[PDB]
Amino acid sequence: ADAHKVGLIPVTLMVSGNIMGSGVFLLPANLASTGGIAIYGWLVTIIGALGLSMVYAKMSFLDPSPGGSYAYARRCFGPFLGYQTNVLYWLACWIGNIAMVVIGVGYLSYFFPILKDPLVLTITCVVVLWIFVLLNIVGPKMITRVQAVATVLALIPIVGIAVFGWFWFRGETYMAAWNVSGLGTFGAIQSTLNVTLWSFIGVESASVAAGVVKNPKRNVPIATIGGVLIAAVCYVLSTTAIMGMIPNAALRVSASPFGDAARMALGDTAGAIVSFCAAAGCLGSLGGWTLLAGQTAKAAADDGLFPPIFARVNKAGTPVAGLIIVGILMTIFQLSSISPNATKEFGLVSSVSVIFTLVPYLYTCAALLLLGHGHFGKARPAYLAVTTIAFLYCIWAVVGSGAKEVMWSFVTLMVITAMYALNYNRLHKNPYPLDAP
């Protein structure tokens, strides 16, 4: 059993990489429209993200159950909300991979412009998605080794900037675009939050993957908090640094700023390097997120709250069938990248699948208090405070999202409810049943 567990370093890198992989290189561009004031947005986001990570860290220390959020929700609310949580999170997991692989293969267009052709891109994306499904089939040790390397590669430009970029940084440049939002301070900070709050999706990674982690009660907490802090530092330092090195006007326009900035400062080779590292960190995360999909689905299927096949494992314990299913699904959704008007269509689904993740977060936050009140001791005020901050993070993320996306999330909840009712009636155990027919 322990022969197939993953150690602390890969898990931590899986969390940090699951978090940063997709957008760490695109953040300074996004925040360029608001300006330097974004640092206020970072400060607020990071405090809330620590809060959420501490919640997950403590919750997994008290219950290192596989499936993470799925397990915590089922524990304190029962089978229905477990079922719901897993559906939402699983969908979130594999639906979000489509964006990632497009971005990742996208970064590789630097070398092979052919990858800009929607057809070639789509096929390439499919192949890559399947590569990282097979690597998951080989086992979590494999996938976490690969993603560890990828994540480390992705950290080279980011840290290079965040350590040495400050020797070209200039505060005049940063403050020259302190607030280009045209809004007041709150509005600008808010507009920043609309970007920065989603930056830390994946905080729950090690918790969800607890069932393949070595000494989880020890390691999952450390990996959780550990990954989140790396993400935070890298985010603030990289975006702050770049905002003081490149003019706001240019920074806004670039579709690959570290890359645009790189290719034009230290030569073509520099740009090449940055593109490679970006693609590495991006495509590396496919593995982590695919892993998480498999895990949550398996954990739910083990309790009979998700189809049996997601529980069918090899001798190593890998849910191979589930992984292959997620592969087919991702393949089907990847077809949206074959045309400009085809990607426009899929977008809402992607953005909705992102809001899904927050229900698990919310239930995790609830679960810590509802399940672990007896372990707080008289540090209880602290726990309550941190958890309340965590709640605020979740709620505020949604408050600032698009009405349509959230609406469809709301619809999804109802649909999941009806699904559970129609699929699990007369299997489901009622808290307060009626008397015998």
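The first residue of the sequence shown is number 1, and the count goes up from there.
Mean C-alpha temperature factor, higher of 303-311 and 251-259:
Comparing 303-311 with 251-259, the higher mean C-alpha B-factor belongs to 251-259.
Do the CA atoms of 160-168 or those of 328-336 have the higher mean B-factor in the entry?
Higher mean C-alpha B-factor: 160-168.
Going by the CA temperature factor in the entry, name the top one among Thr144, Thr364, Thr343, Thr290.
The C-alpha B-factor peaks, among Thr144, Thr364, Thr343, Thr290, at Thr343.
Take the CA temperature factors straight from the PDB entry and tell me which of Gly96, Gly227, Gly202, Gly271 peaks.
The C-alpha B-factor peaks, among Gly96, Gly227, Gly202, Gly271, at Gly271.
Quick one: classify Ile47 as lowest, middle or highest third of the chain based on its Cα B-factor.
According to the entry, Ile47 has a C-alpha B-factor in the chain's middle third.
Is the Cα B-factor recorded for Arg75 in the lowest, middle or highest third of its chain?
According to the entry, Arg75 has a C-alpha B-factor in the chain's lowest third.
What third of its chain, lowest, middle or highest, does the C-alpha temperature factor of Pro28 fall into?
Tercile = highest for this residue's CA B-factor.
Lowest, middle or highest third - CA B-factor, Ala148:
According to the entry, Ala148 has a C-alpha B-factor in the chain's lowest third.
CA B-factor ranking of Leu197, expressed as a third of its chain:
Middle third, going by the recorded CA B-factors of the chain.
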